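A.B. asks: The following block contains the structure, expressed as structure tokens.
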Amino acid sequence: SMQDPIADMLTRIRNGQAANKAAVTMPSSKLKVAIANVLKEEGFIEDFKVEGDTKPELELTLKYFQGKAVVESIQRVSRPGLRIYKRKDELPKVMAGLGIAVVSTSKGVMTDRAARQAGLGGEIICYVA
Amino acid sequence: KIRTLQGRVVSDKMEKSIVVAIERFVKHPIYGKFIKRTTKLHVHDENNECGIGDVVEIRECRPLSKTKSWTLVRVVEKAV
Amino acid sequence: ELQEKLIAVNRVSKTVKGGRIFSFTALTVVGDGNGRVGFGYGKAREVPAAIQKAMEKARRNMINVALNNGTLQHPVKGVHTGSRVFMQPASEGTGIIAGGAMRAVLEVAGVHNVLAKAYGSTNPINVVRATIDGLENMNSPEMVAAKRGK
Amino acid sequence: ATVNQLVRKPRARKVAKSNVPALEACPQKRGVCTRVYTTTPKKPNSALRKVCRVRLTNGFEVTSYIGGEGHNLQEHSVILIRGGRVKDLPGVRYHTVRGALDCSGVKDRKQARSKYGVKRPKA
Amino acid sequence: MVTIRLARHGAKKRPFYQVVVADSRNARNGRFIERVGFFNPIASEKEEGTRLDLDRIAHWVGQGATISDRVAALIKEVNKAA
Amino acid sequence: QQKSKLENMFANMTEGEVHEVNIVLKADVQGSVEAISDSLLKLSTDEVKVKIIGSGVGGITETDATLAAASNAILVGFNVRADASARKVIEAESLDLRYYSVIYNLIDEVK
Amino acid sequence: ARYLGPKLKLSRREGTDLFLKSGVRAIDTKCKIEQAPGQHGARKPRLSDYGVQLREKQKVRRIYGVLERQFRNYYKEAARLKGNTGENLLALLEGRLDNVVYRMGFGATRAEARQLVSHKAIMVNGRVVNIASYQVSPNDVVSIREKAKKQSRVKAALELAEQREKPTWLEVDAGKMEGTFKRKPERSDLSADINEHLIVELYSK
RNA sequence: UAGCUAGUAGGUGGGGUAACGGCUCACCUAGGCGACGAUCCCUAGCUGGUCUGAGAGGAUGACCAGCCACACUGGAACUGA
RNA sequence: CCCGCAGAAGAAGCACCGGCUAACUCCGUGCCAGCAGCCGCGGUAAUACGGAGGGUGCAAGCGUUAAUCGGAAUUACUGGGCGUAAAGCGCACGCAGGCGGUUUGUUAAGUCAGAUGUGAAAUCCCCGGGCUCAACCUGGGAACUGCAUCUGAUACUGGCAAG
């Protein structure tokens with residue numbers, strides 16, 4: 001169901017990257033926008049966008065360099081059925097630090113790199129490769 | 001004030017006694033799943049105060065019976 | 001610089017109208033010592049005939065694998081048919097410590113450090129290619145600067 | 001598969017029952033060896049082998065294989081039993097010790113003296 | 001009785017005592033409150049070998065603990081400032 | 001042991017004396033077991049053959065009662081007492097425990 | 001805890017010069033090296049992938065004259081020590097007292113170097129040392145004592161020691177019949193033909 | 001093994017213990033525990049650790065040290081901090 | 001612990017060698033006698049038995065057996081399957097339980113930060129020291145992944161309120 005709409009968007013990317021589709025449309029939210037902001041910040045997606053008032057729709061433009069996709073893989077780590085939380089140095093690094101995780105800390109939604117520098121962690125979302 | 005827990009009434013009238021069903025969230029050591037655990041504890045009461053359909057604050061004390069080593073202080077609202 | 005070697009040889013059977021005729025197939029993997037990983041299987045009625053075609057086919061279909069110094073850039077998962085291969089970089093650690101079938105592909109690629117532990121099926125012909133697929137899909141921190149950075 | 005299923009009932013492990021019914025945390029045992037029989041091997045092979053029904057000190061009666069060429073074992077004189085399983089005469093889960101207690105070692109043997117209780121000859 | 005005393009944890013034919021504050025009713029290597037220092041009576045002529053913290057024992061002396069003839073002798077061997 | 005068994009030079013006895021009686025003996029003193037056994041072999045005859053099995057140095061034991069359990073035999077002692085672990089075995093399975101002060105009363109009953 | 005048998009059989013079975021027959025002469029000439037490892041050694045040199053892993057360990061053990069149980073500790077010590085595990089293996093073996101006695105040219109062979117060290121004729125920093133496995137560290141000076149000095153065993157060794165490589169990591173000296181360990185030997189200064197990656201592999205499984 | 005508990009659960013008063021208490025009595029009320037496994041059955045001292053394992057875990061509880069229980073079996077009291 | 005005396009003198013065995021698995025021929029025996037951890041050898045050329053020669057591994061130890069883990073991703077939380085190999089209840093409605101769209105305010109339980117106390121010592125690990133080296137012993141440090149309390153952070157989950 002709509003139950004887990006965070007992991008929906010992670011599947012929307014991988015299907016869009018596999019299918020070679022440019023524009024991907026979906027529902028919007030508070031955390032839903034802030035995850036996509038971190039994807040553009042490091043430089044994975046091309047750009048994020050929102051359009052609407054009563055029912056805003058999250059439009060994520062997908063970036064492509066070669067014929068192969070930009071993002072290698074994106075998977076839901078922490079899920080409704082089982083949550084994962086990481087303190088300060090317990091925060092795991094993906095592919096020897098290459099790429100970024102997405103981690104929701106107290107001050108805001110950050111990466112595994114940025115969470116180490118500030119000196120505070122929280123609920124990990126997903127691993128961007 | 002001394003440390004407290006957020007447990008609810010659960011038993012109405014035990015003839016000048018009151019149990020407190022305490023909910024809590026704990027990470028399971030092996031799998032890492034978060035299961036709700038229920039800690040039922042006997043508490044001493046005064047002047048037949050409010051019973052079930054309420055949530056009652058709790059604090060440690062000298063045991064006035066077998067087990068029953070806690071005392072109440074404050075209760076949220078009235079009806080369930 | 002050719003640095004070529006065989007993994008294993010396995011006798012097979014046909015069983016025609018007359019009777020059983022046995023062929024031979026030798027798996028081989030090759031490399032230049034710094035990337036350029038390649039392999040070949042082939043078959044023949046003799047042992048020295050089959051190994052020749054294996055080394056001959058190993059020259060073509062050769063692709064670059066990106067390494068930091070003498071180690072992997074990161075840990076990478078790779079699968080082929082029914083085999084499942086993991087690996088960890090482990091910088092200058094103990095090194096080239098692994099069993100046959102996957103021993104050849106690592107040492108000739110250039111790695112003198114990374115740990116294997118191949119799960120699932122451990123068939124000599126399926127355990128190879130899971131490396132080359134798992135090393136091809138692996139990307140380089142310098143040349144991923146297209147997507148990375150800006 | 002699902003985590004919430006495994007929270008109710010955790011993962012089960014097989015007890016892995018031992019292949020030595022004597023057990024008692026005992027490497028070797030002894031037993032009375034009442035009758036020494038001669039029985040043919042399994043389906044694939046053909047031979048005549050020396051095997052005896054050994055009543056152990058614990059109470060359990062169990063058959064035991066006699067290694068080496070020939071033996072003086074029979075009726076009385078309690079023998080030691082090393083154990084371990086080799087499959088040939090159906091039912092055998094043990095081996096007798098040679099050169100221990102009352103049991104004689106193999107005569108005129110030179111290689112593999114540790115096995116079969118053969119002493120080093122004076123040279 | 002709270003007492004400061006030397007427990008032998010070293011080796012056979014090579015003693016290494018451990019000066020420690022414990023109850024007299026407890027065993028030598030048994031239960032104790034807490035360690036203070038160490039004294040090897042073998043050792044050699046060198047910078048280290050005898051160490052003892054007078055700030056810790058003098059606390060326990062004030063609380064009502066007695067001192068054995070050896071612990072006293074080791075305090076009066078090393079002195080305080082010397 | 002090898003000589004006595006091979007001495008017959010045949011797989012069995014030539015006649016019907018094969019029927020025999022077994023005995024189990026443990027005497028408190030070491031001097032007797034060797035001495036009286038010689039006198040116990042004097043009463044032996046061609047018809048019925050009697051043999052001693054596992055002569056003991058003293059008392060009684062688990063492996064001794066087990067020795068009489070495998071092959072049916074009388075368990076006798078010049079002088080012996082039953083151990084706590086010995087009584088449990090003797091009382092359970094069907095056996096016979098008889099101790100004799102003198103060797104004469106023994107030499108008569110075995111016969 | 002020593003071999004005592006034929007030293008050239010260890011050289012033959014490996015198929016490499018262990019420097020056990022050195023002493024007075026050198027460079028073999030007469031040998032029968034390799035070619036018949038056993039009685040049926042003239043059979044083809046084809047050998048398993050596992051066997052060449054063990055064959056490397058035996059080469060290093062038969063050079064330095066170390067047993068598997070004593071040699072198990074050097075891998076365990078080299079693994080726990082930092083940096084490369086293979087480089088630490090030969091570094092701990094190179095720091096043995098018998099070998100440091102052999103490198104300076106006191107003993108004409110490696111077994112003879114262990115031989116002389118056993119007799120309490122070698123003295124580190126003044127004090128005598130019996131054990132050949134004594135670990136030599138930086139700034140340690142090692143020398144022959146006054147008793148049994150200038151003997152034909154030690155004198156002939158130091159004469160022909162000049163004809164060898166002459167290692168840079170320790171000073172030969174041989175003027176007053178003494179030696180000094182300058183620093184820990186480099187990777188380039190040892191090994192070369194003997195590989196550390198092959199021996200380091202065997203312990204992983 | 002799905003139902004298990006009459007001093008059983010709680011109160012009041014009295015007695016009791018060095019000390020709170022069904023600790024032990026009288027009376028009063030009908031509760032208490034339990035699917036988050038009560039009760040019953042089988043086995044077992046527990047822990048720092050030991051052994052194995054890349055880790056997670058698994059097995060284990062000699063020696064060393066902490067706590068507990070026991071002192072031929074069963075039961076009870078005295079002396080004394 | 002040190003010094004002297006005499007002389008190679010007083011001191012090496014055990015398994016194994018068909019593949020797995022480092023290490024081979026001959027002789028004898030001929031589905032006999034035996035080997036064997038697994039798949040298997042022997043019925044007249046046995047590198048698989050027995051002996052011999054040779055060899056390999058290891059050493060005052062070497063084997064067998066028993067015992068636990070590893071291998072075993074073969075109870076798989078990390079880290080597996082469920083069309084045809086072992087496996088989706090015959091199907092459905094559903095209580096407890098698990099989980100839940102999206103917005104604002106709030107609470108600060110879960111979560112995260114910092115501090116304090118405790119987590120005995122030993123042990124393990126790291127850097128040193130002392131027994132001729134080592135085992136052993138030992139200084140300090142690290143760690144003890146923990147639990148509790150107190151003061152903060154409010155993204156996410158939960159509670160509560162209005163949507």
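Each chain in the structure tokens gets a letter, A, B, ..., in the order shown, and its residues are numbered from 1; ligands are numbered from 1 in order too.
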Please check the contacts: residues of chain A at most 9 Å away from chain C, using only C-alpha atoms, listed as JSON, numbers by chain.

C.D. replies: {"A": [42, 43, 44, 63, 64, 65, 70, 71, 72, 94, 95, 96, 97, 98, 99]}

A.B. asks: Define the interface residues of chain I facing chain D as those within 10 Å, counting only C-alpha atoms (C1' of nucleotides), and report them as an NGL selection string.

C.D. replies: :I and (14-16 or 31-37 or 40 or 42-43 or 50-51 or 62-67 or 75-77 or 80-81 or 97-98)

A.B. asks: Take the residues from that selection and write them out as a PDB file, in the first residue's frame, keeping C-alpha atoms (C1' of nucleotides).

C.D. replies:
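Once everything was written out, this is result-v3.pdb:
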```
ATOM      1  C1'   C I  14      55.120 -41.656  14.896  1.00  0.00           C
ATOM      2  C1'   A I  15      51.455 -41.252  10.952  1.00  0.00           C
ATOM      3  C1'   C I  16      50.928 -41.361   6.071  1.00  0.00           C
ATOM      4  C1'   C I  31      36.253 -60.630  -3.648  1.00  0.00           C
ATOM      5  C1'   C I  32      41.030 -64.798   0.013  1.00  0.00           C
ATOM      6  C1'   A I  33      43.491 -62.323   4.150  1.00  0.00           C
ATOM      7  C1'   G I  34      42.535 -57.173   5.016  1.00  0.00           C
ATOM      8  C1'   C I  35      42.055 -51.552   4.248  1.00  0.00           C
ATOM      9  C1'   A I  36      38.486 -47.259   4.782  1.00  0.00           C
ATOM     10  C1'   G I  37      37.052 -40.429   7.113  1.00  0.00           C
ATOM     11  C1'   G I  40      35.543 -46.897  -2.745  1.00  0.00           C
ATOM     12  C1'   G I  42      41.279 -56.902  -3.459  1.00  0.00           C
ATOM     13  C1'   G I  43      37.985 -62.375  -7.703  1.00  0.00           C
ATOM     14  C1'   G I  50      50.490 -57.088   3.876  1.00  0.00           C
ATOM     15  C1'   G I  51      55.980 -56.563   3.686  1.00  0.00           C
ATOM     16  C1'   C I  62      53.099 -38.580  16.667  1.00  0.00           C
ATOM     17  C1'   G I  63      48.288 -40.964  15.568  1.00  0.00           C
ATOM     18  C1'   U I  64      43.338 -42.895  16.587  1.00  0.00           C
ATOM     19  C1'   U I  65      38.973 -41.978  19.291  1.00  0.00           C
ATOM     20  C1'   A I  66      35.628 -38.718  21.841  1.00  0.00           C
ATOM     21  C1'   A I  67      34.065 -33.628  22.409  1.00  0.00           C
ATOM     22  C1'   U I  75      17.706 -22.308  10.982  1.00  0.00           C
ATOM     23  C1'   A I  76      20.546 -18.010   6.549  1.00  0.00           C
ATOM     24  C1'   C I  77      19.055 -11.050  12.390  1.00  0.00           C
ATOM     25  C1'   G I  80      18.372 -18.459   2.278  1.00  0.00           C
ATOM     26  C1'   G I  81      13.641 -20.375  -0.158  1.00  0.00           C
ATOM     27  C1'   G I  97      -1.066  -8.798  17.343  1.00  0.00           C
ATOM     28  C1'   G I  98       2.071  -6.289  13.322  1.00  0.00           C
TER      29        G I  98
END
```

A.B. asks: Need the shell around residue 76 in chain B: protein/DNA/RNA residues with any atom at most 8 Å away, counting only C-alpha atoms (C1' of nucleotides). Skip same-chain ones fewer than 6 positions apart. Format as a PyMOL selection string?

C.D. replies: chain B and resi 54-56

A.B. asks: Can you spit out the residues from that selection as an mmCIF file, in the first residue's frame, using N, CA, C and O atoms?

C.D. replies:
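Once everything was written out, this is again_26.cif:
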```cif
data_model
loop_
_atom_site.group_PDB
_atom_site.id
_atom_site.type_symbol
_atom_site.label_atom_id
_atom_site.label_comp_id
_atom_site.auth_asym_id
_atom_site.auth_seq_id
_atom_site.Cartn_x
_atom_site.Cartn_y
_atom_site.Cartn_z
ATOM 1 N N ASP B 54 -8.273 5.212 32.713
ATOM 2 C CA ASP B 54 -7.332 6.268 33.114
ATOM 3 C C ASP B 54 -5.886 5.779 33.014
ATOM 4 O O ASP B 54 -5.634 4.572 32.948
ATOM 5 N N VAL B 55 -4.956 6.734 33.023
ATOM 6 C CA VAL B 55 -3.509 6.471 33.004
ATOM 7 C C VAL B 55 -2.893 7.198 34.201
ATOM 8 O O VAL B 55 -3.078 8.409 34.342
ATOM 9 N N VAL B 56 -2.139 6.463 35.026
ATOM 10 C CA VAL B 56 -1.719 6.923 36.365
ATOM 11 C C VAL B 56 -0.188 6.973 36.510
ATOM 12 O O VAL B 56 0.509 6.024 36.142
#
```

A.B. asks: Which residues are near range 61-68 of chain B? Cut-off 9 Å, only C-alpha atoms (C1' of nucleotides), ignore same chain within fewer than 6 positions. Put them as a PyMOL selection string.

C.D. replies: (chain B and resi 17-19+41-44) or (chain H and resi 10+20-22)

A.B. asks: Applying 10 Å and only C-alpha atoms (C1' of nucleotides), which residues near residue 15 in chain A remain after dropping the ones on its own chain fewer than 6 positions away? List them as a list in words.

C.D. replies: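 Here the qualifying residues turn out to be residues 9, 21 and 24 of chain A.
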
A.B. asks: Hey, what's within 12 Å of residue 1 in chain F if we count only C-alpha atoms (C1' of nucleotides) and toss same-chain stuff fewer than 5 positions away? As an MDAnalysis selection string, please?

C.D. replies: (chainID D and resid 71:74 76:77 102:104) or (chainID F and resid 6:7)

A.B. asks: Taking only C-alpha atoms into account, produce a table as JSON lines in which each residue of chain D with an atom at most 9 Å from an atom of chain F appears once, together with its shortest atom pair and the distance in Å to one decimal, ordered by chain and rising number.

C.D. replies:
```
{"residue": "D:32", "atom": "CA", "partner": "F:70", "partner_atom": "CA", "distance": 6.9}
{"residue": "D:33", "atom": "CA", "partner": "F:70", "partner_atom": "CA", "distance": 8.6}
{"residue": "D:34", "atom": "CA", "partner": "F:70", "partner_atom": "CA", "distance": 6.5}
{"residue": "D:55", "atom": "CA", "partner": "F:70", "partner_atom": "CA", "distance": 8.0}
{"residue": "D:57", "atom": "CA", "partner": "F:63", "partner_atom": "CA", "distance": 7.3}
{"residue": "D:72", "atom": "CA", "partner": "F:2", "partner_atom": "CA", "distance": 7.1}
{"residue": "D:75", "atom": "CA", "partner": "F:71", "partner_atom": "CA", "distance": 8.4}
{"residue": "D:76", "atom": "CA", "partner": "F:53", "partner_atom": "CA", "distance": 7.9}
{"residue": "D:77", "atom": "CA", "partner": "F:54", "partner_atom": "CA", "distance": 8.3}
{"residue": "D:78", "atom": "CA", "partner": "F:67", "partner_atom": "CA", "distance": 8.6}
```

A.B. asks: Go ahead and save the residues from that selection, with C-alpha atoms, as a short mmCIF file (atom, residue, chain, number, x, y, z; two decimals), in the first residue's frame.

C.D. replies:
```
data_model
loop_
_atom_site.label_atom_id
_atom_site.label_comp_id
_atom_site.auth_asym_id
_atom_site.auth_seq_id
_atom_site.Cartn_x
_atom_site.Cartn_y
_atom_site.Cartn_z
CA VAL D 32 32.60 -58.39 28.18
CA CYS D 33 32.54 -59.62 24.49
CA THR D 34 30.25 -62.64 25.03
CA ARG D 55 28.24 -55.97 26.49
CA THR D 57 30.06 -51.80 31.50
CA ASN D 72 42.81 -64.52 20.44
CA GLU D 75 34.19 -65.61 25.69
CA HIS D 76 35.90 -64.03 28.78
CA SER D 77 38.79 -61.48 29.16
CA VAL D 78 37.31 -57.96 28.95
#
```

A.B. asks: Would you mind listing what lies within 9 Å of residue 105 in chain C as a list in words, with only C-alpha atoms (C1' of nucleotides) counted and same-chain residues fewer than 2 positions away left out?

C.D. replies: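 So, after excluding close chain neighbours, the residues are residues 28, 29, 30, 31, 37, 38, 39, 101, 102, 103, 107, 108, 109, 110, 128, 131 and 132 of chain C.
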
A.B. asks: Can you measure CA of residue 60 in chain C to CA of residue 49 in chain G for me? One decimal in Å is fine.

C.D. replies: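 Taking CA of residue 60 in chain C as the start and CA of residue 49 in chain G as the end point, the length is 26.3 Å.
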
A.B. asks: Quick one: which chain C residues come within 12 Å of chain I, and what is the nearest atom pair for each with the distance in Å to one decimal, counting only C-alpha atoms (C1' of nucleotides), rows ordered by chain and ascending number, as a tab-separated table?

C.D. replies:
```
residue	atom	partner	partner_atom	distance
C:83	CA	I:73	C1'	11.2
C:84	CA	I:73	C1'	9.6
C:85	CA	I:73	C1'	11.2
C:86	CA	I:73	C1'	11.5
C:117	CA	I:73	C1'	10.6
C:118	CA	I:73	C1'	9.6
C:119	CA	I:73	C1'	6.1
C:120	CA	I:73	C1'	6.6
C:121	CA	I:73	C1'	10.1
C:122	CA	I:73	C1'	11.9
```

A.B. asks: Identify, with DSSP run on backbone atoms, the residues in chain B assigned to strand (DSSP E), and express the list as JSON, numbers by chain.

C.D. replies: {"B": [18, 19, 20, 21, 22, 23, 24, 25, 26, 27, 34, 35, 36, 37, 38, 39, 40, 41, 42, 43, 44, 55, 56, 57, 58, 59, 60, 70, 71, 72, 73, 74, 75, 76]}

A.B. asks: Could those selected residues go to a file with N, CA, C and O atoms, as a compact mmCIF listing (two decimals), in the first residue's frame?

C.D. replies:
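Writing the result to out_39.txt gives the following:
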```txt
# COMPACT_ATOMS: atom_id res chain seq x y z
N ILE B 18 -4.28 -1.29 43.53
CA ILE B 18 -4.31 -0.80 42.15
C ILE B 18 -3.06 -1.30 41.40
O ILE B 18 -1.95 -1.07 41.85
N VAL B 19 -3.26 -2.02 40.30
CA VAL B 19 -2.16 -2.50 39.43
C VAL B 19 -1.94 -1.44 38.34
O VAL B 19 -2.84 -0.64 38.08
N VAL B 20 -0.74 -1.40 37.75
CA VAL B 20 -0.41 -0.43 36.69
C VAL B 20 0.25 -1.14 35.50
O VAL B 20 1.41 -1.57 35.58
N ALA B 21 -0.49 -1.26 34.39
CA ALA B 21 0.01 -1.84 33.14
C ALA B 21 0.85 -0.82 32.37
O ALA B 21 0.30 0.16 31.85
N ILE B 22 2.16 -1.06 32.29
CA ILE B 22 3.13 -0.10 31.73
C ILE B 22 3.61 -0.55 30.35
O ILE B 22 4.25 -1.59 30.23
N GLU B 23 3.32 0.26 29.33
CA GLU B 23 3.80 0.02 27.96
C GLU B 23 5.17 0.67 27.74
O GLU B 23 5.47 1.73 28.32
N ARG B 24 6.00 0.03 26.92
CA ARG B 24 7.34 0.53 26.58
C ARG B 24 7.86 -0.04 25.26
O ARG B 24 7.48 -1.16 24.88
N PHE B 25 8.73 0.71 24.59
CA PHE B 25 9.34 0.31 23.32
C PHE B 25 10.81 -0.03 23.55
O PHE B 25 11.56 0.81 24.05
N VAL B 26 11.20 -1.25 23.18
CA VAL B 26 12.58 -1.75 23.35
C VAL B 26 13.03 -2.50 22.09
O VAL B 26 12.25 -3.24 21.49
N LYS B 27 14.29 -2.29 21.69
CA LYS B 27 14.88 -2.99 20.55
C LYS B 27 15.21 -4.42 20.96
O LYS B 27 15.87 -4.64 21.98
N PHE B 34 11.28 -3.80 17.09
CA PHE B 34 10.72 -3.03 18.21
C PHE B 34 9.34 -3.56 18.60
O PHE B 34 8.35 -3.27 17.93
N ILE B 35 9.31 -4.35 19.68
CA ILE B 35 8.08 -4.97 20.20
C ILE B 35 7.63 -4.22 21.46
O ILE B 35 8.45 -3.85 22.30
N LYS B 36 6.31 -4.00 21.57
CA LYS B 36 5.72 -3.39 22.76
C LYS B 36 5.64 -4.40 23.90
O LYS B 36 5.00 -5.45 23.76
N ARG B 37 6.30 -4.08 25.02
CA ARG B 37 6.33 -4.93 26.22
C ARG B 37 5.47 -4.30 27.32
O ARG B 37 5.46 -3.07 27.47
N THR B 38 4.77 -5.14 28.08
CA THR B 38 3.81 -4.72 29.11
C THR B 38 4.29 -5.19 30.49
O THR B 38 4.41 -6.39 30.73
N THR B 39 4.54 -4.23 31.39
CA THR B 39 5.04 -4.48 32.74
C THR B 39 3.95 -4.14 33.78
O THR B 39 3.75 -2.97 34.12
N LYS B 40 3.24 -5.18 34.25
CA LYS B 40 2.16 -5.03 35.24
C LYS B 40 2.73 -4.99 36.66
O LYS B 40 3.37 -5.96 37.08
N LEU B 41 2.47 -3.90 37.40
CA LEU B 41 3.02 -3.67 38.74
C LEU B 41 1.96 -3.22 39.74
O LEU B 41 1.19 -2.30 39.45
N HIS B 42 1.95 -3.84 40.92
CA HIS B 42 1.00 -3.49 41.98
C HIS B 42 1.41 -2.18 42.65
O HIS B 42 2.60 -1.91 42.84
N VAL B 43 0.41 -1.36 42.98
CA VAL B 43 0.59 0.00 43.54
C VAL B 43 -0.39 0.18 44.70
O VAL B 43 -1.50 -0.36 44.66
N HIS B 44 0.01 0.93 45.73
CA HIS B 44 -0.87 1.28 46.85
C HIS B 44 -1.68 2.54 46.54
O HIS B 44 -1.20 3.43 45.83
N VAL B 55 -4.96 6.73 33.02
CA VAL B 55 -3.51 6.47 33.00
C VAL B 55 -2.89 7.20 34.20
O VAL B 55 -3.08 8.41 34.34
N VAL B 56 -2.14 6.46 35.03
CA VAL B 56 -1.72 6.92 36.36
C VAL B 56 -0.19 6.97 36.51
O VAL B 56 0.51 6.02 36.14
N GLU B 57 0.32 8.09 37.04
CA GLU B 57 1.75 8.26 37.34
C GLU B 57 2.10 7.43 38.58
O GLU B 57 1.26 7.25 39.46
N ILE B 58 3.35 6.96 38.64
CA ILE B 58 3.80 5.94 39.61
C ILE B 58 5.20 6.29 40.17
O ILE B 58 6.01 6.90 39.47
N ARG B 59 5.46 5.90 41.42
CA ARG B 59 6.75 6.16 42.10
C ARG B 59 7.10 5.11 43.16
O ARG B 59 6.20 4.51 43.75
N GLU B 60 8.39 4.90 43.40
CA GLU B 60 8.88 3.85 44.32
C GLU B 60 8.65 4.22 45.79
O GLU B 60 8.64 5.40 46.15
N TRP B 70 5.18 0.12 44.99
CA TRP B 70 5.05 1.38 44.27
C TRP B 70 3.87 2.18 44.84
O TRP B 70 3.01 1.62 45.53
N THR B 71 3.85 3.49 44.55
CA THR B 71 2.78 4.41 44.99
C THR B 71 2.41 5.35 43.83
O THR B 71 3.28 5.73 43.05
N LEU B 72 1.13 5.71 43.74
CA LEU B 72 0.62 6.63 42.70
C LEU B 72 0.60 8.10 43.17
O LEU B 72 0.69 8.37 44.37
N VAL B 73 0.48 9.02 42.21
CA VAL B 73 0.47 10.48 42.47
C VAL B 73 -0.54 11.30 41.65
O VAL B 73 -1.30 12.09 42.23
N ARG B 74 -0.56 11.13 40.32
CA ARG B 74 -1.40 11.93 39.40
C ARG B 74 -2.00 11.05 38.31
O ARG B 74 -1.39 10.06 37.89
N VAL B 75 -3.19 11.43 37.84
CA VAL B 75 -3.97 10.68 36.85
C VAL B 75 -4.47 11.62 35.75
O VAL B 75 -4.94 12.73 36.04
N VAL B 76 -4.38 11.18 34.49
CA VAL B 76 -4.85 11.97 33.33
C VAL B 76 -6.37 11.80 33.11
O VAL B 76 -6.85 10.68 32.92
```

A.B. asks: With the cut-off set at 9 Å and counting only C-alpha atoms (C1' of nucleotides), tabulate each residue of chain I with an atom at most that distance from an atom of chain B, showing the nearest atom pair and its distance in Å to one decimal, ordered by chain and increasing number, as a Markdown table.

C.D. replies:
```
| residue | atom | partner | partner_atom | distance |
| --- | --- | --- | --- | --- |
| I:77 | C1' | B:31 | CA | 4.1 |
| I:78 | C1' | B:31 | CA | 9.0 |
| I:109 | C1' | B:24 | CA | 7.6 |
| I:110 | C1' | B:25 | CA | 5.9 |
| I:149 | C1' | B:3 | CA | 8.8 |
```

A.B. asks: May I ask for the distance between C1' of residue 117 in chain I and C1' of residue 144 in chain I, given in Å to one decimal place?

C.D. replies: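 Computing it gives 15.8 Å between the two atoms.
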
A.B. asks: Select residues of chain A: the criterion is any atom within 8 Å of an atom of chain I, counting only C-alpha atoms (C1' of nucleotides); output as a list in words.

C.D. replies: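 Residues satisfying the distance criterion: residues 2, 3, 4, 29, 31, 80, 81, 85, 87, 104, 105, 106, 107, 108, 109, 119, 120, 121, 122 and 123 of chain A.
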